[PDB]
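Everything below concerns the one structure shown next.
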Amino acid sequence: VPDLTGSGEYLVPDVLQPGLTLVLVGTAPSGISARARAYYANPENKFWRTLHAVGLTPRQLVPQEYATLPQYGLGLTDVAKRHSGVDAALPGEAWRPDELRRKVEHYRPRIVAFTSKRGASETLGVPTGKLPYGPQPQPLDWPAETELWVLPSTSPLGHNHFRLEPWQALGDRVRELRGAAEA
């Protein structure tokens, strides 16, 4: 099971632990994110605003606050942890859905949500055009207790496709889970 820094090889640490409600999985860190050693650090990326908008977080975090997410039952990782850049530019060996699956199997989050179709596609082995947004049916190679969701990219490059509904439905689902946990 890798450590959170991949033995110092990861550009930005994973934020993972047991008992999380939601892990949000990107493709790879943008260059800006890699340089900041943070997640979704491009100031035009809508991720941090979106989490606040949909009540996954109660304030808008700044990118350097990414590791505080577990206090709200959220964590973070990416399919590619040792490379940065736009998806189309990444070398083929960047994508390690094998290592992602090992982490999911270890930490058992309630939900894994891919923050773009591409990430989900690299992991599920199916082309993006055949994936809808929202909850998917339980796949491989994958724990049936961990729900899997695919979300519209918050990147500036996905601006033509961005929609809030899958993000808000996710937020509602996380509310429902954290509320059942208390009832």
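Please treat every number below as a calculation from the coordinates, not as lab data. Quick reminder, even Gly has a Cβ in these numbers, built from the backbone with ideal geometry, and neighbours come from all protein chains shown.
Let's see how each residue does on (1) within 16 Å of the chain's Cα centre (by Cα); (2) acidic (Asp, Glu):
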{"residue": "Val54", "(1), (2)": "yes, no"}
{"residue": "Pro58", "(1), (2)": "no, no"}
{"residue": "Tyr66", "(1), (2)": "yes, no"}
{"residue": "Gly73", "(1), (2)": "yes, no"}
{"residue": "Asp78", "(1), (2)": "yes, yes"}
{"residue": "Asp87", "(1), (2)": "yes, yes"}
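A single entry from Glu122, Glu147, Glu99 fulfils the requirement of being touching a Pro at 6+ places or on another chain (Cβ under 9 Å) and more than 27 Å from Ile32 (Cβ to Cβ): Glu147. If you go through the stretch 151-180 and keep only what is in contact with a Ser or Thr (Cβ under 8 Å, 6 or more places away or on another chain) and either over 20 Å from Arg49 (Cβ atoms) or among the charged types (D, E, K, R) (or both), you end up with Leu177, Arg178. The set of residues in the stretch 122-176 that are in contact with a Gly (Cβ under 9 Å, 6 or more places away or on another chain), in a helix (DSSP H, G or I) and hydrophobic (A, V, I, L, M, F, W, C) comprises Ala169, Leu170, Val174.
Of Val79, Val54, all but one fail to be crowded, with 20+ Cβ neighbours inside 10 Å and touching an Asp or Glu at 6+ places or on another chain (Cβ under 9 Å); the exception is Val79. In the set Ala88, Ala67, only one residue is within 20 Å of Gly8 (Cα to Cα), surrounded by fewer than 18 Cβ atoms within 10 Å (Cβ to Cβ) and aliphatic (A, V, I, L, M); that residue is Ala67.
Considering the stretch 152-172, the residues that are touching a residue at least 40 places away in the same chain (Cβ under 8 Å) and closer than 13 Å to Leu24 by Cβ include one that is surrounded by the fewest Cβ atoms within 10 Å (Cβ to Cβ), namely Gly171.
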